[PDB]
Amino acid sequence: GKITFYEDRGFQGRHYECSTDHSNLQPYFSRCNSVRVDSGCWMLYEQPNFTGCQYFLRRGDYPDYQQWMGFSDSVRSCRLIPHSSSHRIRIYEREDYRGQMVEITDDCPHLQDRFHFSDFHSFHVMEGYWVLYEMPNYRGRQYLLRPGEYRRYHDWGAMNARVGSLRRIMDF
């Protein structure tokens, strides 16, 4: 993967070219107002050590932070997401994998309108990498889901349980 961060919008100012995970981008730039993703899928984080607001970016140009649904120009850590040939997630109605469950291997732009139940509080990522979104149609706060278990919203870095859609991460 290759991503370039720029301090000013429109791909101006101090820039940093990156091809790896970084827990601390502050030595290389103090603000990020535009990005060019040359290759790969990336999760950016507002704060160091993969904390704070999260943003999913893939191949393409982002001339302003609003284009990655940024809450500000802060980017202080990043993950290159590895390739997934398959995606499988279990979605549960209640915390700790209780209540109704559905198992999917595709994207879901609207959780509420699609299944047999109406509430979504825990997830088991069986295969691949996903982005969980606060609102329908892949909008709002974003949370990376990696293979593994998410018993309640704190496990996915949320400050509350609001969710609305789910997208597989695939190359771009």
# chains A, B, ... in the order shown; residues from 1 in each chain; ligands from 1
$ residues_around --residues "residue A:21" --least-positions-apart "5" --cutoff "10 Å" --atoms "only C-alpha atoms" --output "list in words"
residues 1, 42, 43, 44, 50, 77, 78, 79, 80 and 81 of chain A
$ select_by_dssp --residues "chain A" --states "helix (DSSP H, G or I)" --output "VMD selection string"
chain A and resid 9 to 11 65 to 68 95 to 97 111 to 114 153 to 156
$ select_by_dssp --residues "chain A" --states "strand (DSSP E or B)" --output "NGL selection string"
:A and (2-8 or 12-18 or 22 or 34-39 or 41-47 or 51-57 or 60-62 or 77-81 or 88-94 or 98-104 or 108 or 122-127 or 130-135 or 139-145 or 148-150 or 165-168)
$ atom_distance --atom1 "atom CA of residue A:71" --atom2 "atom CA of residue A:30"
15.6 Å
$ closest_residue --among "A:98, A:15, A:139, A:154" --to "residue A:166" --atoms "only C-alpha atoms"
A:139
$ residues_around --residues "residue A:25" --least-positions-apart "2" --cutoff "12 Å" --atoms "only C-alpha atoms" --output "PyMOL selection string"
chain A and resi 4-7+15-18+20-23+27-32+44-50+74-79
$ atom_distance --atom1 "atom CA of residue A:157" --atom2 "atom CA of residue A:90"
18.3 Å
$ residues_around --residues "residue A:82" --least-positions-apart "2" --cutoff "9 Å" --atoms "only C-alpha atoms" --output "JSON, numbers by chain"
{"A": [40, 41, 42, 80, 84, 128, 129, 170, 171]}
$ decode --residues "stretch 12-34 of chain A" --atoms "N, CA, C and O atoms" --output "PDB file, in the first residue's frame"
ATOM      1  N   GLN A  12      -1.350  20.335  -1.060  1.00  0.00           N
ATOM      2  CA  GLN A  12      -0.318  21.327  -0.831  1.00  0.00           C
ATOM      3  C   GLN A  12       0.319  21.189   0.549  1.00  0.00           C
ATOM      4  O   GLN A  12      -0.245  20.520   1.429  1.00  0.00           O
ATOM      5  N   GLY A  13       1.469  21.823   0.720  1.00  0.00           N
ATOM      6  CA  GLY A  13       2.134  21.864   2.010  1.00  0.00           C
ATOM      7  C   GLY A  13       2.999  20.614   2.252  1.00  0.00           C
ATOM      8  O   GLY A  13       3.158  19.807   1.330  1.00  0.00           O
ATOM      9  N   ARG A  14       3.512  20.584   3.462  1.00  0.00           N
ATOM     10  CA  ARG A  14       4.327  19.455   3.915  1.00  0.00           C
ATOM     11  C   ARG A  14       3.579  18.147   3.661  1.00  0.00           C
ATOM     12  O   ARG A  14       2.405  18.014   4.007  1.00  0.00           O
ATOM     13  N   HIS A  15       4.267  17.176   3.085  1.00  0.00           N
ATOM     14  CA  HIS A  15       3.639  15.879   2.835  1.00  0.00           C
ATOM     15  C   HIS A  15       4.479  14.742   3.420  1.00  0.00           C
ATOM     16  O   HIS A  15       5.651  14.843   3.789  1.00  0.00           O
ATOM     17  N   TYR A  16       3.820  13.601   3.577  1.00  0.00           N
ATOM     18  CA  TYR A  16       4.512  12.395   4.070  1.00  0.00           C
ATOM     19  C   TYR A  16       3.992  11.180   3.298  1.00  0.00           C
ATOM     20  O   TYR A  16       2.759  10.972   3.288  1.00  0.00           O
ATOM     21  N   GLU A  17       4.909  10.450   2.677  1.00  0.00           N
ATOM     22  CA  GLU A  17       4.592   9.211   1.975  1.00  0.00           C
ATOM     23  C   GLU A  17       4.785   8.028   2.913  1.00  0.00           C
ATOM     24  O   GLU A  17       5.828   7.950   3.567  1.00  0.00           O
ATOM     25  N   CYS A  18       3.798   7.154   2.966  1.00  0.00           N
ATOM     26  CA  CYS A  18       3.721   6.071   3.907  1.00  0.00           C
ATOM     27  C   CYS A  18       3.328   4.754   3.268  1.00  0.00           C
ATOM     28  O   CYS A  18       2.429   4.704   2.414  1.00  0.00           O
ATOM     29  N   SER A  19       3.964   3.613   3.652  1.00  0.00           N
ATOM     30  CA  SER A  19       3.529   2.335   3.103  1.00  0.00           C
ATOM     31  C   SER A  19       3.299   1.308   4.199  1.00  0.00           C
ATOM     32  O   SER A  19       3.173   0.117   3.889  1.00  0.00           O
ATOM     33  N   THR A  20       3.211   1.737   5.449  1.00  0.00           N
ATOM     34  CA  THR A  20       3.112   0.831   6.593  1.00  0.00           C
ATOM     35  C   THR A  20       2.235   1.400   7.709  1.00  0.00           C
ATOM     36  O   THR A  20       1.935   2.619   7.756  1.00  0.00           O
ATOM     37  N   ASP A  21       1.859   0.501   8.599  1.00  0.00           N
ATOM     38  CA  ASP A  21       1.194   0.921   9.819  1.00  0.00           C
ATOM     39  C   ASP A  21       2.079   1.912  10.558  1.00  0.00           C
ATOM     40  O   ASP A  21       3.300   1.741  10.601  1.00  0.00           O
ATOM     41  N   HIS A  22       1.439   2.902  11.186  1.00  0.00           N
ATOM     42  CA  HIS A  22       2.213   3.801  12.029  1.00  0.00           C
ATOM     43  C   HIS A  22       1.431   4.099  13.308  1.00  0.00           C
ATOM     44  O   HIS A  22       0.280   4.530  13.139  1.00  0.00           O
ATOM     45  N   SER A  23       2.014   3.915  14.467  1.00  0.00           N
ATOM     46  CA  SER A  23       1.259   4.308  15.685  1.00  0.00           C
ATOM     47  C   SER A  23       1.422   5.796  15.946  1.00  0.00           C
ATOM     48  O   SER A  23       0.621   6.275  16.798  1.00  0.00           O
ATOM     49  N   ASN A  24       2.321   6.483  15.297  1.00  0.00           N
ATOM     50  CA  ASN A  24       2.479   7.916  15.625  1.00  0.00           C
ATOM     51  C   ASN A  24       2.977   8.669  14.422  1.00  0.00           C
ATOM     52  O   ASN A  24       4.155   8.522  14.046  1.00  0.00           O
ATOM     53  N   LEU A  25       2.079   9.430  13.804  1.00  0.00           N
ATOM     54  CA  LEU A  25       2.431  10.206  12.630  1.00  0.00           C
ATOM     55  C   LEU A  25       2.887  11.626  12.972  1.00  0.00           C
ATOM     56  O   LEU A  25       3.304  12.332  12.033  1.00  0.00           O
ATOM     57  N   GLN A  26       2.787  11.992  14.269  1.00  0.00           N
ATOM     58  CA  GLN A  26       3.155  13.389  14.593  1.00  0.00           C
ATOM     59  C   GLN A  26       4.571  13.775  14.204  1.00  0.00           C
ATOM     60  O   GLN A  26       4.767  14.985  13.898  1.00  0.00           O
ATOM     61  N   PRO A  27       5.592  12.920  14.185  1.00  0.00           N
ATOM     62  CA  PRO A  27       6.902  13.387  13.710  1.00  0.00           C
ATOM     63  C   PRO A  27       6.950  13.848  12.262  1.00  0.00           C
ATOM     64  O   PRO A  27       7.934  14.503  11.899  1.00  0.00           O
ATOM     65  N   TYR A  28       5.977  13.480  11.440  1.00  0.00           N
ATOM     66  CA  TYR A  28       6.002  13.719  10.016  1.00  0.00           C
ATOM     67  C   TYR A  28       5.079  14.821   9.509  1.00  0.00           C
ATOM     68  O   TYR A  28       5.353  15.365   8.427  1.00  0.00           O
ATOM     69  N   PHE A  29       4.031  15.152  10.263  1.00  0.00           N
ATOM     70  CA  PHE A  29       3.135  16.237   9.858  1.00  0.00           C
ATOM     71  C   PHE A  29       2.259  16.546  11.066  1.00  0.00           C
ATOM     72  O   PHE A  29       1.997  15.657  11.898  1.00  0.00           O
ATOM     73  N   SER A  30       1.762  17.785  11.231  1.00  0.00           N
ATOM     74  CA  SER A  30       0.979  18.111  12.417  1.00  0.00           C
ATOM     75  C   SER A  30      -0.519  18.213  12.163  1.00  0.00           C
ATOM     76  O   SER A  30      -1.323  18.328  13.100  1.00  0.00           O
ATOM     77  N   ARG A  31      -0.889  18.132  10.891  1.00  0.00           N
ATOM     78  CA  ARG A  31      -2.269  18.256  10.470  1.00  0.00           C
ATOM     79  C   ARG A  31      -2.393  17.556   9.113  1.00  0.00           C
ATOM     80  O   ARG A  31      -1.408  17.466   8.396  1.00  0.00           O
ATOM     81  N   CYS A  32      -3.593  17.119   8.774  1.00  0.00           N
ATOM     82  CA  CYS A  32      -3.789  16.441   7.496  1.00  0.00           C
ATOM     83  C   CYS A  32      -5.059  16.962   6.838  1.00  0.00           C
ATOM     84  O   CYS A  32      -6.157  16.644   7.310  1.00  0.00           O
ATOM     85  N   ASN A  33      -4.902  17.779   5.808  1.00  0.00           N
ATOM     86  CA  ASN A  33      -6.088  18.313   5.139  1.00  0.00           C
ATOM     87  C   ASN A  33      -6.299  17.752   3.756  1.00  0.00           C
ATOM     88  O   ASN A  33      -7.284  18.104   3.088  1.00  0.00           O
ATOM     89  N   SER A  34      -5.391  16.895   3.251  1.00  0.00           N
ATOM     90  CA  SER A  34      -5.686  16.192   2.021  1.00  0.00           C
ATOM     91  C   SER A  34      -4.824  14.924   1.951  1.00  0.00           C
ATOM     92  O   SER A  34      -3.809  14.818   2.632  1.00  0.00           O
TER      93      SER A  34
END
